[PDB]
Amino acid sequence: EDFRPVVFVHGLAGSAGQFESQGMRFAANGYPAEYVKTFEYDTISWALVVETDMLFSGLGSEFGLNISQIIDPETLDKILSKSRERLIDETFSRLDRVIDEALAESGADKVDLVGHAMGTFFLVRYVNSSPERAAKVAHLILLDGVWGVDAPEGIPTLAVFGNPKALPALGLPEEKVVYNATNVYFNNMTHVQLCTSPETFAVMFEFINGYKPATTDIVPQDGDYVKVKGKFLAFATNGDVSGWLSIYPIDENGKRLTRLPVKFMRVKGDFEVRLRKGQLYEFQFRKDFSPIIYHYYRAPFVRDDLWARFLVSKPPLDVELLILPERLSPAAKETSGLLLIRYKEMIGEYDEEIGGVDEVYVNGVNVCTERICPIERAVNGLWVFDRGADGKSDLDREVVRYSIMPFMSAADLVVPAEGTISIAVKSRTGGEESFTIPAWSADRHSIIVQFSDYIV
C-alpha cells in the first residue's frame, strides 16, 4: 500500500523465528507479507571475531564463559584465524543486496531496520560504515541491546529496554539510554519476550507509521488455504541443512489421517508449500547422514507465514550429542525424548516485576520448577528425557551437562514410549495451550514441540 519494507536482524543464537509473529501482525494491518524481510548470519563467528569486547566485557552475556567449554579448541583456532575486516566487509555486502532487492520490489526509496540484542551492535556499525548505506534508511529500532552510545547521525532511532533482572543485571539497572534516540521502557518483560510481544509491535508500528495499528492480534484470513515459506537450518551458525520432508495432517490424538504424506520433498535449506488453514500437522524430517527420524509439532497456521524455522543440531555446536549416551542404551527403546521451545522465557521462579510464573505439564508432571527454570537461565528451550537411563524420574537433581548452554535447561522425567504423550502450558501472562502426540521411542526418534509465543 503506502508502506515501506522492514528488515529484521537477530541476536546471538537467534534466527528469523523471533520475528515470525511480528511479520503476521504487520500483514494483518495492511502490509504485503513479502515486504517484511529477515537477514540471517553465523553468530558464533560474528561474536568471536567482531564482538570480542561484548563477549568478555559484559556488553553482552555469558556465552564468553561457555565458549572454551563448548567449541573444540582447534575449531576455535580456525575461527579466530579469519580476517576481521574481511568478515565485516563480506557480511555487510550481503545485507546490501537484501536491502536493494526490497527497494526494487516495492518501489520505495528507503527501508526501516530493526535489531534485537547482538543484532543492535551489528546494525549501528552497518549504518555508520558509509553515507551511501545510511541514505537508504528511514528509521532504526534497537530492541534490548546496546546502550551508552550515540544514535547514528541523521537517522530517527527508537531504543526499547526490558526488565534488568531478566538476565545478568550486574550492570546498569533500569537506566540504559542511547544518546539522541527516543528511549522507552517495559519493566514487566524478559529478554526474548520483548522481541515477540504484541505491545512491542504497537510501539514499533506507531514510530514508523505515525498512527496506532487497528489490531495487535494474529487475525485468521479468509479462504481454505495458507501459503507457508520456511527453512531447515543449523542452530546458532544458521547454514542451510539438506534432507527429506514428509507432511501429514493429524487428528486430536496425533494419529496420521492419511496413508501417504500430503506433501513429500527433498529440501536444501528453504522450502515453500500450500497447506489447509486451521489444520493440525506433523512435519517429519530425516537429515542427510543421520538415521534418526525427527517429528516437529506446532499449532495450526491461521494466515500465510513466510518466516517459519525448523532448527537442526550440527557441528561445531552439536548440542544434540549431549543426549547420545542415553539414546544408545537398551532402555531407549522404552522411553521418549523431547525438546519444548517457546520464544518467550519459561519461568518457574516467582517475581513481582515480572508478576507471574508459567506451568508446563508433561503426562501431568510440572517440569517448569523454580530449580529447573529460574529467571537467570532465561529458558527458551527445555530438554525432557530420562537422565542416566535408569528408569527413575529424579526432578530435583539438576542435569549438569546443560548448565553450560545459553537459553536452555533440562528435566529428568521418564516418559513411557507407549500410547501418547500429553503436554500442556498455562502462561504467566494468561491463557493455555495443549498437545497430544504419539510417544515415539528415543532409540530411533526425536520429538520437537513449539509452543505459541502469545495466547490471547
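Note that residue numbering begins at 1 and tracks the sequence as displayed.
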| task | Decide which of the stretches 165 to 173 and 255 to 263 has the higher mean C-alpha B-factor, going by the entry. | result | 165 to 173
| Higher-B stretch (mean Cα B-factor, as the entry records it), 398 to 406 or 425 to 433 | 398 to 406
| request: In terms of CA temperature factor as recorded, identify the highest of 282, 144, 272, 334. | output: 334
| Given 304, 72, 206, 358, the residue at which the Cα B factor reaches its maximum | 72
| note | Tertile call for residue 315 (CA temperature factor, within chain, third-based) is the highest
| query | Is the Cα B-factor recorded for residue 117 in the lowest, middle or highest third of its chain? | reply | lowest
| field | Ranked C-alpha temperature factor of residue 248 among modelled chain residues, by third | value | lowest
| query | Once the chain's modelled residues are ordered by C-alpha B factor and cut into thirds, is residue 36 in the lowest, middle or highest one? | reply | lowest
| residue 67, C-alpha B-factor rank within chain (lowest, middle or highest third) | highest
